Amino acid sequence: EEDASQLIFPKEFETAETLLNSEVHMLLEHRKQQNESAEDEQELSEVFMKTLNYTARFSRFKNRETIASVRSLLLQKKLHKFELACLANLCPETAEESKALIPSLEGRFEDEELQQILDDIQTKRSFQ
Amino acid sequence: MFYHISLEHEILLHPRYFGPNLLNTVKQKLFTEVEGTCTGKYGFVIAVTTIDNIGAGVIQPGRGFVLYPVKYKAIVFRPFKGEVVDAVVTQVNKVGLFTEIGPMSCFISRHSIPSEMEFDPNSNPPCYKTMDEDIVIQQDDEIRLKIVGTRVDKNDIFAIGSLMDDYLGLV
Amino acid sequence: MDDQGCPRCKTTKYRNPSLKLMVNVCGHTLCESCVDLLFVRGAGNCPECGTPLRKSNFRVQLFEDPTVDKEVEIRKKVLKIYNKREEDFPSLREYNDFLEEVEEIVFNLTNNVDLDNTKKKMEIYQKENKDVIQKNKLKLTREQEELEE
Amino acid sequence: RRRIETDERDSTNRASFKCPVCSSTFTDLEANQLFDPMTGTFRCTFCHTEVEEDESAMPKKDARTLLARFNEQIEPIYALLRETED
Amino acid sequence: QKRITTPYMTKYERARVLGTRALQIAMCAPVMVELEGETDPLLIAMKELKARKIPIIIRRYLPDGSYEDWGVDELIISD
Ligand SMILES: [Zn+2]
Ligand SMILES: [Zn+2]
Ligand SMILES: [Zn+2]
């Protein structure tokens, strides 16, 4: 019925737009500030905090421009939003790893194009 | 994968909240009701970005409560089988590893751990390490796992992980 | 189709040629009826040989000879080495000299352990990966395309 | 063959964890539900008692022995069939 | 706009509106009108109705499946 390795998803999640942990981190930090501002309002949930902690720890991009560049760059490529989300969220270092991690990635682009895209993403990444 | 989607939800506003600040109360109540909850259809919903629309408030006969159908843009997470995801190991046992993925919890069975790994219970933090000691998997670590399957129960979602594939485990 | 089949499920093979045998590093004939059991226990262990498989490692093949299956799999791997073209050698013996040991390695690897084979392959890889493998990769892929065309 | 294939598929789907009180076997998918961190071990919700797993090797091995011999003994009929397909 | 039903509140509408509004007040809903010494939620609902200040809209379903949302403040009360 559903299989990410086969890119099979329900219409509810196929028509939807994918978000990166760097993007979710920025949004959660924004929601945090939005919750920190106007004090004495409802406190944030443990799920939000757990997701924030998790998304921050695995956040591959720490700057607004790096997140926007990655998104705007990948949107130009003729790749599916799931493929692009997996690629930018997992950040595979090489084309072989990308094909290994995403068995559906094969055939969409040549090794040189695939590696060039990954190389750009690897250069745009923020390392701690 | 995380997603941004418009969701349908119905708020049963109690009459005490009618009158002024009605819609303001519905907004506040929506965030409180949906944020931090999970549904098998859309997964866990982390935060509400905006509310698309507030429908007509139908007064429930006899109940007095008014039912407000709401359309709102929110961010959600749902794990799909045959997917690789980053995880943090929470507990390490001889039968398997318990891990967390944001709001989701994943269990990795021993049979899904690579043959090169071996459990080192004598270590202070219980961990699995390679024969050549090149990598070690323990509690509170950076790992990647393949979702073999996803489960939903008690308004919660939990997946099955595997580390047999390459580029998995400690990262 | 003509062969009996897997040591366990030797019955559907007689029915139709649409079902194909699967080859593995262990050089053992396997198929879904048997493969499903290999995942419930061991998760990638040969039934009779017990040898573990790093992954599924299943590939479609239509050869009844398991030695050819292994030899082809080995051949395909070894062709990445020693495959420098004829212009590299001035003497007629050299054109087939390395092919002798290569064919010995390929053949011997079907039965003997790869300990010395991998060592020799690695000891030559350290030298051939620099230039000749880089050059022969281009020429091999080019001539392969010429063979396809 | 379809029944044997069904029995083989069953041998692959058989539950691994089990409860000694109610004699119920649970699939490894329930492992996260059966494992209680307060106890540090697997337990049964109905029996509030320990759930075992290591015995799961027995059904996997045993079933293969019965199912495999079926093809070994039917060989005369298969040969006679191959000889009579015309 | 484009309303065809009668502008008068039917006896049935008056009954349900008062019952529904009385129930909301009993459930401590805020009250629309200046009440004086009143405690019976049903008596308060009638005062709100006399003043035409009940905060309710009647969705009159037409036989063709269409409907007309008439505010209680728009209908002529039959009392
Ligand atoms: Zn073998
Ligand atoms: Zn077999
Ligand atoms: Zn029990």
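Structure above, values below:
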read-out: Flagged links, alpha-carbon separation over 18 Å, of C:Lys80/C:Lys119; C:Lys20/C:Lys55; B:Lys81/B:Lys129; A:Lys11/B:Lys41; B:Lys41/B:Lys73; value: C:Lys20/C:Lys55; B:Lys81/B:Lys129
read-out: Size of charge dipole - chain A - debye, nearest 20, with Cβ of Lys, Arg +1 and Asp, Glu -1, no other charges; value: 320
read-out: Structure-based [θ]222 nm, chain C - -39500 (n - 2.57) summed over DSSP H runs of at least 4, per residue, nearest 500; value: -16000 deg cm²/dmol
read-out: Helix B:22-34 vs. chain B, principal-axis angle (Cα, 0 to 90°, nearest 10); value: 20
read-out: Principal axis box of the protein assembly as shown, alpha-carbon based, largest edge first, Å; value: 117, 62, 61
read-out: GluC sites (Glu not before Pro) within segment A:7-101: DSSP coil, no more than 16 neighbouring Cβ in 10 Å; value: A:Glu39, A:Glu41, A:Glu43, A:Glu93
read-out: Partner chain coverage, peptide D:28-38 - average Cβ within 10 angstrom; value: 5
read-out: Sites matching trypsin sites (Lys or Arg not before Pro) across segment B:1-95 that sit in DSSP coil, with at most 15 neighbouring C-beta atoms within 10 Å; value: B:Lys41, B:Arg63, B:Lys94
read-out: Neighbouring partner chain Cβ atoms per residue of B:59-66, average, 10 Å criterion; value: 4
read-out: Residue-averaged beta-carbon neighbours from other chains (10 angstrom radius) around B:78-89; value: 6
read-out: Residue-averaged 222 nm ellipticity for chain B, from DSSP H runs of 4+ at -39500 (n - 2.57), nearest 500; value: -2500 deg cm²/dmol
read-out: Whether segment B:81-171 is rounded, prolate or oblate, judged on the alpha carbon gyration tensor where a/c under 1.5 counts as rounded; value: prolate
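Bear in mind these aren't lab numbers, they're just calculated from the coordinates by the rules spelled out. Backbone-built Cβ (ideal geometry, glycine too); neighbour counts: all protein chains shown.
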